[PDB]
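Examining the three-dimensional arrangement
Listed here are the chains, written in short residue letters.
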Number of protein chains: 4
Amino acid sequence: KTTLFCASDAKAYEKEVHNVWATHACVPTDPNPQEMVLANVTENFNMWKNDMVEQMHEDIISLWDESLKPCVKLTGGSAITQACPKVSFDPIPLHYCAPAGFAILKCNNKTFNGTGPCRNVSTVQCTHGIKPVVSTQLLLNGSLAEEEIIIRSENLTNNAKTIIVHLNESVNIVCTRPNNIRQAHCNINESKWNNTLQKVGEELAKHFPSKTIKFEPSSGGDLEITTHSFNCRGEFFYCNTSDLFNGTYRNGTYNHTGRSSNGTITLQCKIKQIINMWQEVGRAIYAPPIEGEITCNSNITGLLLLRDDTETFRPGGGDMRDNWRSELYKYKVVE
Amino acid sequence: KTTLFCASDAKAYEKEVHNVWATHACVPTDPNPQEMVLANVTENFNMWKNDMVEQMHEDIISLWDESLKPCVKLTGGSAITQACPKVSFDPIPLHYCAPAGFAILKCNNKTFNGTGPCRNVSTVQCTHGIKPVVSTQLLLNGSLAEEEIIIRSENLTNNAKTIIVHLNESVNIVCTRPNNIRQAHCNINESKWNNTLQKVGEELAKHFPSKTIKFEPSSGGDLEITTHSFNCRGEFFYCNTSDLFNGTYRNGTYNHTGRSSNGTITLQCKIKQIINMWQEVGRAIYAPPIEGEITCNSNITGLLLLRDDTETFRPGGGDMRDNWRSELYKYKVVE
Amino acid sequence: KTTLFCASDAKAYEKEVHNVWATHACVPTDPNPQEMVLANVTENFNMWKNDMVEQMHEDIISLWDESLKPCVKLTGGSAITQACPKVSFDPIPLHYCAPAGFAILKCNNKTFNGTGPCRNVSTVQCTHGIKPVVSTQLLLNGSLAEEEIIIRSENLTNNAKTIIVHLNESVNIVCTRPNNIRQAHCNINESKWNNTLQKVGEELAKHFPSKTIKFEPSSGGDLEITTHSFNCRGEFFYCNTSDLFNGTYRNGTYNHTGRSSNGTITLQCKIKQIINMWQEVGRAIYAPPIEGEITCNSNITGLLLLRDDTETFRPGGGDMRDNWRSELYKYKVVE
Amino acid sequence: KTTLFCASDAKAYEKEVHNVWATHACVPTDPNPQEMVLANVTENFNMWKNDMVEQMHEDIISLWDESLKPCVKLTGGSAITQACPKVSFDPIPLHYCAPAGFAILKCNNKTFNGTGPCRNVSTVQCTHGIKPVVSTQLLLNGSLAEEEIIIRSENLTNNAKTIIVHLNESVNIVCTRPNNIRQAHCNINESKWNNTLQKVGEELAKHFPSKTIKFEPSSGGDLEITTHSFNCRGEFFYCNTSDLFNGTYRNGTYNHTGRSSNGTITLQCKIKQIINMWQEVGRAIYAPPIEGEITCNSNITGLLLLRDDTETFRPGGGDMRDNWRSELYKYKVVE
Ligand SMILES: CNCc1ccc2c(c1)[C@@H](CC[C@H](O)CO)[C@H](CNC(=N)N)[C@H]2NC(=O)C(=O)Nc1ccc(Cl)c(F)c1
Ligand SMILES: CNCc1ccc2c(c1)[C@@H](CC[C@H](O)CO)[C@H](CNC(=N)N)[C@H]2NC(=O)C(=O)Nc1ccc(Cl)c(F)c1
Ligand SMILES: CNCc1ccc2c(c1)[C@@H](CC[C@H](O)CO)[C@H](CNC(=N)N)[C@H]2NC(=O)C(=O)Nc1ccc(Cl)c(F)c1
Ligand SMILES: CNCc1ccc2c(c1)[C@@H](CC[C@H](O)CO)[C@H](CNC(=N)N)[C@H]2NC(=O)C(=O)Nc1ccc(Cl)c(F)c1
Ligand SMILES: *[C@@H]1O[C@H](CO)[C@@H](O)[C@H](O)[C@H]1NC(C)=O
Ligand SMILES: *[C@@H]1O[C@H](CO)[C@@H](O)[C@H](O)[C@H]1NC(C)=O
Ligand SMILES: *[C@@H]1O[C@H](CO)[C@@H](O)[C@H](O)[C@H]1NC(C)=O
Ligand SMILES: *[C@@H]1O[C@H](CO)[C@@H](O)[C@H](O)[C@H]1NC(C)=O
Ligand SMILES: *[C@@H]1O[C@H](CO)[C@@H](O)[C@H](O)[C@H]1NC(C)=O
Ligand SMILES: *[C@@H]1O[C@H](CO)[C@@H](O)[C@H](O)[C@H]1NC(C)=O
Ligand SMILES: *[C@@H]1O[C@H](CO)[C@@H](O)[C@H](O)[C@H]1NC(C)=O
Ligand SMILES: *[C@@H]1O[C@H](CO)[C@@H](O)[C@H](O)[C@H]1NC(C)=O
Ligand SMILES: *[C@@H]1O[C@H](CO)[C@@H](O)[C@H](O)[C@H]1NC(C)=O
Ligand SMILES: *[C@@H]1O[C@H](CO)[C@@H](O)[C@H](O)[C@H]1NC(C)=O
Ligand SMILES: *[C@@H]1O[C@H](CO)[C@@H](O)[C@H](O)[C@H]1NC(C)=O
Ligand SMILES: *[C@@H]1O[C@H](CO)[C@@H](O)[C@H](O)[C@H]1NC(C)=O
Ligand SMILES: *[C@@H]1O[C@H](CO)[C@@H](O)[C@H](O)[C@H]1NC(C)=O
Ligand SMILES: *[C@@H]1O[C@H](CO)[C@@H](O)[C@H](O)[C@H]1NC(C)=O
Ligand SMILES: *[C@@H]1O[C@H](CO)[C@@H](O)[C@H](O)[C@H]1NC(C)=O
Ligand SMILES: *[C@@H]1O[C@H](CO)[C@@H](O)[C@H](O)[C@H]1NC(C)=O
Ligand SMILES: *[C@@H]1O[C@H](CO)[C@@H](O)[C@H](O)[C@H]1NC(C)=O
Ligand SMILES: *[C@@H]1O[C@H](CO)[C@@H](O)[C@H](O)[C@H]1NC(C)=O
Ligand SMILES: *[C@@H]1O[C@H](CO)[C@@H](O)[C@H](O)[C@H]1NC(C)=O
Ligand SMILES: *[C@@H]1O[C@H](CO)[C@@H](O)[C@H](O)[C@H]1NC(C)=O
């Protein structure tokens, strides 16, 4: 254990809130990246017991509390008011770094599921650039897997633990509230979603080799988890995924049961002002949306699922630590 | 430097907030105190750089935070609203104690002014019972000097430094909002205040030997310090002292120039709901006062003064550290 | 996170080194403990991330450095020598206690594994009496589980994580060197060992589907961990467990295949002077053993195991922090 | 509050013990000296409450414990023996450095007494090169004030607080045991000492504006502080200063009353093997001196004085943190 520090390519002249946070919170990044390969050493990792995740989680909570200040923050019977201006919000990469006396070991196995022994490992000073993208159900703007799709989970047997599906080919998603000021929509290409959900069904079938693999929507919870919720240019998008997690993989082949038009799935979305926070147990009230075309052009790079004759997988999330684990699985800080 | 702990006679059954906080934060007072005298040993004390004061200060800050919750708390544009019930509020004595391996040296030189060598020292484990009374200008319900009045200051030649006047006999002040509901008043017996300012002028004259001494009201600043402000029964009293600090000591003889009637000085008071906090920079808003007759009967045991041919002294205070120093002056925690 | 203090009933007249250390380092035990029970609760515990264990670890390191002074201590090629008298050495219980305002919550579910939620928790200010017994492989003189033998592990699937087996009924082990001066031996009743190993195999079989469950001696490494090593009356015993951790649990029955005679397993032991320290990475050299009959009559109360068709368990140990966790599986410092 | 790191031009091939400690304890100094000057800015410093002093203190304690091992070390009833080889001993400069996310502000006021506000401040990453020279009474081989001679004290009215006299012109002292094997002597040119003490009396008279300034020898105590004690090439010199601190500054002129011969003051020295340690309380016993001619040619750069019709000043010291303060007064560590 230690206390890592962050490095970023943030610019002090920029008024984007990730930049403004990182300029006072993190140190300039290193153009001199030294990495030492060692093929004979083998080390053990547990991405689900990684304290880098806790440190980044606290850092990102700080980022949001200093950047996305709500008009009202309701917590523990208390109500906190403050100025809630519209801001320029677009996440930037953050590197996490070990101080003197410590190193970060990085697993070089491209098929590593994030748990157990990795026997090609290198030593580095900082992780790669990580954008702190808060979202659920879908992981956006992450890093793709270099080889095959990877299924990660602390206990695939345990239906309560979140499953992280690490994709190897990105799936583009475009969400837009165009120029009702709270109604929006996302567009996704049905063909790419079809083939990536087919190969995800294959990878999931290998861990469930008399079991049909079904994809169905979230059954219940707060709207933040029953929809694809995320933040776009400052506004809180809640996008219905009934037509996205909706299909069946049986006998090696995927059939999509959700609904398209001219080859595209469109999710209906609402820009909400009352938010159930992820940083703590409480609610946050923001100002109505800004004017004009609000669009985010993101890459789906991962999935957050929960498992329930056959096995059924629904979208999940909510604990943004899982978001940070999707990217910090390779890393472990050693002395 | 060590972490001290508190000890009190707080009762588990008492709804009064000091008792409630002490049942959870302090231990019961040792009914078998031990004190060992060292009459040949001489040790150096400095009441103005005493870590015991910082410790008691933080203890009382959290006492007030857990007990006297305001309806609104405003810190530079940010407003926290909570439940603000009326509570029962009567300060109880607190003893401060060193853990194992540490002791508390107590200077028993009844002449001691707070700084320098003390030659009659002793060793205890805990201080005497100290009521944490939050006040300006007047020190209430403290413990009196044994022989003559003591004048304490970090640096008498520095007019910015607060002077603490430690009285050897107490002046009774009775303060009441009787049964506009925010109007109250305070009665002081003018002959006792006469004699007290007489001999305080004597003792200050010794330190400024012509220089006719002059007592005058506070020059300016926030209402909390320009008045005798205190808390009685939970309500915040602000009482004008322009008739109380109003005199001239000249040619060894005292001269009170404030208005009086039937031998008693009466201070006009307001119960205010908007407060400038002492714990931190900010404002605190409380509920309208409770119904009925609100009375506190206190012993003025000390004065807080500021010095501006002739020397003029005006009531001061504000930094509650000085309130604690008025009682922690004769102690020092040694390993 | 806080600084706890120890309590003991050490007596100042005792020449025994645990007493000598505790009288100077701990406070007399308080004789009316109020276990404030509660019953709508669950709080999460993690015996494998517990600051209590580290503070106890540091205090025991200090005790051993002040009490069991080696003739030589070699640390990083640096050799410091000092007086190495033979001392009276018999561990005494130490209660650990939270200071003023902080509490120790305690889980009373007597099937509680050590990590996860707990449901019948009380509150005290001090733990029970814990004797700091330093040993490997077998835990001695601990507290027994009341109901059933419990298996504790940071992660039962990571073979590299130490497994603690909290036993139920103590197995008496008697270790002696009689009146070669460094040759000793220890007797264990083989029937009770067979019984206990059957129960341990039963519960490890419910934790591991149902492969045959073999017990084998320690792989390799320093003698301190390859043997049951402990300290008795100051002398360092290294006892061979090859005829002890040696059986096969198959068919729901346990078959012991270590050598016995007349119904007793006897381990062969050497008393050593050169010791690989547990407090630090270094070596200590002690004096030749004392004259006379050196024997300890101890209760095996727990086991320290390591896992590698079938699963094999071997005696582990080495990190005395796990010895502390076995009696602080816990409790918890709370405010 | 942070943990600094050192930086030295030490050589990994020099057997000199400061070099050998600094190659395994320090990083290389960098020709990266980016000084940042900020005149608008102005900050508060207190050279007497500066954690850099304590961090350098512990570092130098570590160096001495690893470099000048005594044959015998007596502390608290315990006696520790180790090899005590004669080593090559010559202190080298050490830079102290704030890690990433921290900076070191340095006050560029050349008249700064070390306490209060400084209007010209600059930020760098590391202090200037500071030789950790352990001595009493006279500060050796340090940095010189750039304009006037500076008087430093956390309280000049408290006679117990050490006074540091920062000289602007260095006074040469040559100490030698030539080729009784423990008899040595120091030569100091009497006229430069005459001028140095006259201007020191001038500054002290400014701060004591009557008060004939009188330099007298140290009253009493351990030999370490009643003499100018220091270490030269590994040997512990104790040199008598009764002919050094022995003069009177009256009506603006200084008269040296110390015994002089041929215009040079000669201090008699003993090389001692039993030393009262400065690191902790206890004694340390070293081997007899080496053979040959043992000489240090040093620059007196400051004084350590203590104040008793007049004011008397005697040489003092013995808390090597004051030695560190004489160089670490300019600096303060910031986030
Ligand atoms: C089986 N799953 C367990 C599960 C389920 C739901 C939730 C958690 C855990 C919490 C995580 C706690 C964290 O670990 C503490 O640090 C969190 C509690 N907080 C409440 N108010 N309920 C709650 N998640 C959120 O509400 C959340 O993600 N909202 C949100 C906002 C903005 C955006 Cl853009 C967004 F995409 C999402
Ligand atoms: C020359 N004098 C310096 C001086 C002057 C005024 C004041 C200080 C210092 C502060 C002390 C800071 C402390 O040291 C930090 O811990 C404090 C700042 N805080 C603000 N909001 N301005 C401010 N004092 C108060 O406002 C205060 O006493 N109010 C108060 C309330 C209730 C009761 Cl019953 C009462 F009797 C008093
Ligand atoms: C897979 N297991 C990991 C493993 C393995 C072996 C060992 C550790 C860890 C260390 C623990 C370090 C500690 O955590 C730091 O505080 C310790 C290192 N130290 C060295 N010299 N090698 C080393 N254990 C010991 O050597 C030890 O127990 N000896 C000992 C003496 C007297 C008695 Cl009576 C006794 F019963 C035992
Ligand atoms: C009014 N003055 C207070 C005063 C007075 C004398 C002394 C202190 C304080 C201690 C400082 C404690 C430190 O702060 C803890 O870290 C120290 C205690 N230690 C003992 N054994 N008495 C003791 N000083 C020394 O003995 C010392 O300097 N010897 C020494 C050796 C080698 C060399 Cl070359 C040298 F030039 C000097
Ligand atoms: C991940 O791989 C390890 C082996 O390296 C295995 O023990 C574990 O069960 C795997 N987990 C999943 C979810 O595949
Ligand atoms: C991604 O992984 C799948 C297997 O899950 C594989 O079939 C596909 O070819 C991969 N895509 C690549 C390597 O571009
Ligand atoms: C550690 O890895 C195991 C598998 O090796 C995994 O099941 C578990 O979720 C991980 N985290 C733990 C046990 O805290
Ligand atoms: C996962 O959970 C199952 C049952 O919930 C359990 O048998 C297994 O030991 C757990 N851990 C793993 C598979 O690492
Ligand atoms: C998603 O849409 C379907 C149909 O439009 C609806 O039945 C479902 O309740 C919606 N879910 C959410 C979370 O709005
Ligand atoms: C899949 O989508 C269709 C409409 O597109 C909907 O009727 C159906 O219920 C969905 N499947 C679910 C919710 O399991
Ligand atoms: C993903 O990245 C692109 C380009 O940086 C950006 O336009 C988009 O808004 C991002 N999506 C999210 C959710 O931040
Ligand atoms: C307090 O006593 C000390 C000790 O002599 C003295 O130096 C100081 O001036 C005194 N201060 C006051 C305010 O009396
Ligand atoms: C209080 O002190 C004054 C001197 O300041 C003295 O004249 C007076 O008699 C004292 N009163 C007592 C001791 O009651
Ligand atoms: C210094 O000591 C004097 C008397 O001992 C005291 O009045 C003063 O407050 C102390 N501190 C200073 C001058 O900063
Ligand atoms: C006290 O004040 C005087 C002038 O106001 C000043 O000379 C002195 O340095 C101050 N501090 C002390 C005496 O500690
Ligand atoms: C106190 O009252 C007088 C007259 O009654 C007034 O001049 C003065 O301003 C008042 N001071 C405060 C602080 O209210
Ligand atoms: C003293 O009190 C009178 C009222 O009785 C007032 O007029 C006078 O201004 C006061 N003295 C001051 C404020 O200095
Ligand atoms: C002082 O003490 C009396 C009696 O204990 C009490 O009535 C009064 O309210 C106290 N004053 C303050 C300011 O607490
Ligand atoms: C140092 O200068 C400050 C003014 O910045 C002054 O307050 C302090 O008394 C001075 N101290 C000494 C020892 O000269
Ligand atoms: C050193 O300072 C003294 C006064 O303290 C001054 O008279 C002398 O000229 C200075 N020497 C220099 C600046 O070289
Ligand atoms: C200083 O020393 C010289 C001899 O080197 C002597 O002649 C001179 O008078 C002395 N001056 C003073 C002021 O003591
Ligand atoms: C220094 O020398 C003088 C006379 O030479 C002597 O009286 C004094 O005691 C010596 N000081 C010490 C500390 O030995
Ligand atoms: C100064 O030196 C002379 C001769 O060395 C000595 O007699 C005198 O006592 C000294 N002054 C002191 C010790 O104050
Ligand atoms: C002072 O520096 C010189 C030159 O490096 C050196 O010879 C001498 O030993 C140093 N003095 C001390 C006391 O270390």
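Residues numbered from 1 in each chain as written, not as in the entry; some residues may be left out. Chains lettered and ligands numbered in written order. Heavy atoms only, no water.

Per the PDB record, this model was obtained through X-ray crystallography at a reported resolution of 2.7500 Å.

**A few points about the overall build of chain A**
Summing up its helical and strand segments, chain A has five helices and 26 strands in all. Over its C-alpha trace chain A gives a radius of gyration of 20 Å, about what one expects of a compact globule, namely 20 Å for 335 residues. With the C-alpha coordinates of chain A rotated into their principal frame, the extents come out at 55 × 55 × 40 Å. Roughly 15500 Å² of accessible area belongs to chain A as shown, and the carbon and sulfur atoms make up 47% of that amount. Here chain A carries 32 positive and 36 negative side-chain charges, and the mean point of each set is 3 Å from the other. (Helix = DSSP H or I, 4+ residues; strand = E, 2+ residues; numbered from the N terminus. Rg over C-alpha atoms; globule rule 2.2 N^0.38 Å. Areas by Shrake-Rupley, 256 points an atom, 1.4 Å probe, with all protein chains shown as cover. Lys, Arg positive; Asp, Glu negative; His and termini not counted. Charge placed at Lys NZ, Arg CZ, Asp CG, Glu CD.)

**Digging into the environment of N172 of chain D**
Residues and elements named next belong to chain D. Topologically, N172 is positioned in strand β12 (residues 163-177). Residues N172 and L140, 32 residues apart in the sequence, show an inter-C-alpha distance of 9.5 Å. Leaving out residues up to four positions away in the same chain, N172 has contacts with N187, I188, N189, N297, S298 and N299. Side chain to side chain, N172 and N297 meet in a polar contact 3.1 Å long. (Contact = heavy atoms within 4.5 Å. Polar contact = N/O pair within 3.5 Å; in protein donor to acceptor, adjacent residues only side chain to side chain.)

**A word on the site of ligand 21**
Residue and element names in this part refer to chain D. Around ligand 21, the structure places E190, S191, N194, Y254 and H256. In this structure, an oxygen atom belonging to ligand 21 sits 3.5 Å away from a side-chain N or O atom of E190. Within the side chain of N194, a nitrogen or oxygen atom sits 2.3 Å from an oxygen atom of ligand 21. Across the complex, the protein chains shield 47% of the 370 Å² of accessible surface that ligand 21 would expose by itself. Breaking the shell around ligand 21 down by element, the ones donating at least two residues are α3 (190-207) and β18 (253-256). For the shell around ligand 21, the leading source of residues is α3, giving three residues. (Near = heavy atom within 4 Å.)

**Quick look at unusual backbone geometry**
Phi is positive for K330 of chain C, which is not a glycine, with a value near 140 degrees. Examined against the element boundaries, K330 of chain C turns out to sit in the loop between α5 (320-327) and β25 (333-334). Positive phi, normally seen in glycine, also occurs at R233 of chain D, with a value near 55 degrees. Tracing the backbone shows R233 of chain D in the loop between β15 (228-232) and β16 (235-239). Judged by relative accessible area, which is 38%, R233 of chain D ranks as partly exposed. (Buried < 20%, exposed > 50% of the residue type's maximum accessible area, 1.4 Å probe, protein only.)

**Digging into the pairing of strand β19 (residues 264-272) of chain D**
Residues and elements named next belong to chain D. Covered by surrounding structure in β19 are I265, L267, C269 and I271 only, the residues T264, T266, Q268, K270 and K272 on the alternate face being uncovered. Of the pairings in the sheet, the one linking β16 to β19 comprises four bridges and is antiparallel in character. Of the residues in β19, the one forming a bridge with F236 is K272. (Pairing = 2+ DSSP bridges.)

**Focus: the site of ligand 19**
Within the structure, ligand 19 sits among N113, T115, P117, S153 and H207 of chain D. Split by residue class, the shell around ligand 19 holds one nonpolar, four polar and no charged. (Nonpolar A, V, L, I, M, F, W, Y, C, P; charged D, E, K, R; others polar.)

**Some remarks on the sheet that holds strand β7 (residues 95-97) of chain C**
Pairing between sheet strands relies on hydrogen bonds along the backbone, with the strands arranged either parallel or antiparallel. Residue and element names in this part refer to chain C. Strands sit in the order β2-β1-β7 across an open sheet of three strands; the sheet is mixed. Strand pairing shows two members of the sheet lacking a second neighbour, β2 (27-28) and β7, which therefore form its edges. As paired elements, strand β1 (residues 5-8) and β7 share three bridges and run antiparallel to each other. Bridging across to β7, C6 finds its partner in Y96.

**A word on the packing of aromatic side chains**
All told, the structure shown has 38 aromatic pairs over all chains when counted by the stated rule. Look at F208 of chain A and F313 of chain A: their rings are 5.7 Å apart centre to centre, the planes differ by 75 degrees, and that puts the pair in the edge-to-face class. Put simply, the rings of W64, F89, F236, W278 and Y286 of chain A pair up and form one aromatic cluster. Directly above the aromatic system of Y329 of chain C lies the positively charged group of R152 of chain C, at a separation of 3.6 Å from the ring centroid. (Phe/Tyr/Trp six-rings, centres within 6.5 Å; stacked < 30°, edge-to-face > 60°. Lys NZ or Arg CZ within 6 Å of the ring centre and 35° of its normal.)

**Observations regarding the state of the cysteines**
Using the criterion set out here, one finds 28 disulfides over all chains in the structure. There is a disulfide in this structure between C6 of chain A and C26 of chain A, and the S-S distance comes to 2.0 Å. Between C6 of chain A and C26 of chain A, the disulfide has an S-S torsion of -85 degrees and is therefore left-handed. Residue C6 of chain A is found in strand β1 (residues 5-8), and its partner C26 of chain A is found in the loop between α1 (17-25) and β2 (27-28); the two are separated by 20 residues along the sequence. In terms of burial, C6 of chain A and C26 of chain A fall into one category: buried. A sulfur-sulfur separation of 2.0 Å characterises the disulfide bridge that pairs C71 of chain C with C84 of chain C. (Disulfide = S-S within 2.5 Å.)

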